[PDB]
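Form deposited in one PDB entry, single chain, as structure tokens, below.
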């Protein structure tokens, strides 16, 4: 059972901007996703200080980067606080409203796309390299859900039937045909060292066999 929702007008405008403009410095998407994962891990770790039972769904706090040349996907996995159904559908997009408007004002005040993180909307930089993004997420207070969008103004949310995650979020990037360099080991390493050398959680690169 799948529900289809329309993106808020300003978010749909940002994604169409991100997809259609010519911007060569596409590697910043990984920094933004890793920084988002760091925030999610900070939140569960902070909450667990007053409630250790919040870690019953997993004590490990880490980030895994998993390229797959066969499927042409790059997957970013964190064991952070995860996302509820209301987060996926309403609350997060409501908070991103002001940032998207301001980010688009800044895009005419000099700023470029690489500053997307300073407006709290860095996640949508995934569409610099991805034609489709799938988000599997599990929050302690909700079921496992699957969010998906190929942009174009709509996204879907459904209960996920696949492998249970425990807790956290999995961002699956279905890369565009010309963006397969982000499946390469030495390319991901160079990006992580340059942009995320100061993340307070272990970032593990899964190399393919």
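Here the rigid core means the biggest group of C-alpha atoms that line up within 1.5 Å when the two forms are laid on top of each other. Positions refer to the first chain, counted from 1. Residues that one form lacks are left out of the comparison.
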>> Quick check on the record: does 105 to 113 or 68 to 76 carry the larger mean Cα temperature factor?
In response: 105 to 113
> If you check the C-alpha B-factor for each of 140, 35, 50, 150 in the entry, which is highest?
Replying inline: 50
> Between 81, 96, 126, 136, which carries the biggest CA temperature factor in the record?
Replying inline: 96
> What third of its chain, lowest, middle or highest, does the C-alpha temperature factor of residue 207 fall into?
Replying inline: highest
> What third of its chain, lowest, middle or highest, does the C-alpha temperature factor of residue 55 fall into?
Replying inline: middle
>> Per the entry's values, where does residue 92 land by CA temperature factor relative to the rest of its chain, in the lowest, middle or highest third?
In response: highest
> What third of its chain, lowest, middle or highest, does the C-alpha temperature factor of residue 161 fall into?
Replying inline: highest
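Not pictured, yet referred to below: the form deposited in another entry.
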> Which residue, chosen from 76, 135, 96, 83, moves its CA by 2 Å or more between this form and the one not shown under a rigid core superposition?
Replying inline: 96
>> Rigid core superposed, CA of residue 106 - does it shift 2 Å or more between this form and the one not shown?
In response: yes
> Out of closer and farther, which fits the Cα atoms of residue 95 and residue 44 in the other entry compared with this form, where the change is 3 Å or more?
Replying inline: farther
> Any idea whether residue 91 and residue 27 get closer or farther by CA distance in the other entry, knowing it moves 3 angstroms or more?
Replying inline: closer
> With the core fixed, which bits of the chain, 3+ residues long, show every Cα moving 2 Å or more between this form and the one not shown?
Replying inline: 90 to 96, 104 to 112
